[PDB]
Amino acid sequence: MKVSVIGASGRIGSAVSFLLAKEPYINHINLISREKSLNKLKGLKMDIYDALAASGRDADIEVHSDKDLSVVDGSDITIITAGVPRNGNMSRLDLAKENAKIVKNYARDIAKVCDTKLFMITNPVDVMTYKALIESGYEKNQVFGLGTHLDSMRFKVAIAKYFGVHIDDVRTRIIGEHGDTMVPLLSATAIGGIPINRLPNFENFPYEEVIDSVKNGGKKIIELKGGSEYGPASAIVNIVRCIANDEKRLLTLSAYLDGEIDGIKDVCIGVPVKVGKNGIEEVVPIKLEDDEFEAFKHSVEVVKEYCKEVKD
């Protein structure tokens, strides 16, 4: 497989370039950045190669600028981790419009060149995923965003630590916005397949304070160390692996809705999806508790309105 990382010089871009190169099915990877960062990428390329030697792995790594995106041709997946840094002289909405412009230009320019899957990380990821879908003109299965896949991982850790199990023994998910209107699914949270509400220590599990910590986790990591890095990069590789080996797993990604859940359409948002070699193979309308379903509809309304306000 060939993958391209647009934004490879950033915090997430550099870490995900390293982890992707290690993967045995990833034979070619393009690190792509603005011209001013090419020398950073050359050092990143040497450092990653050294790491492959120490870890028994291999890859063909190429560095390119984003002036000529024809190099993306042949990429099965193109990961977009580009984004404008937050500063004080810009509002949240101003920053979203700047990123929307970046995402649109990349989506339009990549689509002139080839058909690839667009894996969007740029925030606000649900809005940017929808923007890239519309501007690229790609099929809906080919454009998706990390979304609440990452928040699900933060929930998973806290559950595992409370119940005293290997982190991998927990499976849980959060749907809706990658944001404060996210909807954690206690109805789909299990340890070794056992719903956590059937475990003896569940009665004292402060799950709402845990959810609050998940809602606040990204901003806390930004405050403590500047920004999330290994978390998002590993979550990206997890999805890439599912696509490359056609695993068919029920995951959660920011995906385009086309009527599967209560006839809702015209939005990208965190939902249950089956992921395989064609990307988003289906959006899976699972049975939600009433509070979960109403909160998901609420998150959809909030995200649709964000999309309209960034476009305007």
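Start at 1 and count along the sequence shown; that's the residue number.
In this entry, the higher average B-factor at the C-alpha atoms falls on 81-89, of the pair 81-89 and 132-140. Just going by the entry, 67-75 versus 234-242 on mean CA temperature factor gives the higher value to 67-75. In the PDB entry, the Cα temperature factor peaks, among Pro195, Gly145, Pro200, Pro184, at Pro200.
For the set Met153, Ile191, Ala111, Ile175, the PDB entry assigns the largest Cα B-factor to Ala111. Among all modelled residues in this chain, the alpha-carbon of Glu305 has a temperature factor (C-alpha) in the lowest third.
Among the modelled residues of its chain, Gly279 has a C-alpha B-factor that falls in the highest third according to the deposited record.
Residue-level temperature factors show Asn99 in the middle third of its chain, judged at the C-alpha atom.
The entry lists a Cα temperature factor for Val210 that places it in the middle third of the chain's modelled residues.
Annotation for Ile159: CA B-factor lies in the lowest third of the chain's modelled residues.
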